[PDB]
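One chain comes next, on its own, written out as structure tokens in the form deposited in one PDB entry.
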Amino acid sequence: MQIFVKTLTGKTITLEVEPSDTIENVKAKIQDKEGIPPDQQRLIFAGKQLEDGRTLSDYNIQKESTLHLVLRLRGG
């Protein structure tokens, strides 16, 4: 399944993922491609912040969906 992840800077990266993949896995994939540590990653889809433990299937994330990446500020 192709999905897109869009950053707040507007860059999109393309991932290949499956319904069985957890959000933890997706963040790992994003770190590989983009270099962002998972602990800083906050994903949003369908107006929901995505739970590391859950699968893309739990959120009904299908082909060509876009997830929004927001970074969580560590150290105000």
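Residue numbers run from 1 along the displayed sequence. We call the rigid core whatever largest set of C-alpha positions still superposes within 1.5 Å between the two forms. Only residues modelled in both forms are compared.
When 6-14 is weighed against 60-68, 6-14 comes out higher, by mean CA B-factor as recorded in the entry.
When the mean C-alpha temperature factors of 23-31 and 44-52 are read from the deposited coordinates, 44-52 comes out higher.
Another form, the form deposited with a partner chain bound, is not on view; read the next lines as being about it.
8-10 is the only run of at least 3 consecutive shared residues whose C-alphas each shift by 2 Å or more between this form and the one not shown once the core is superposed.
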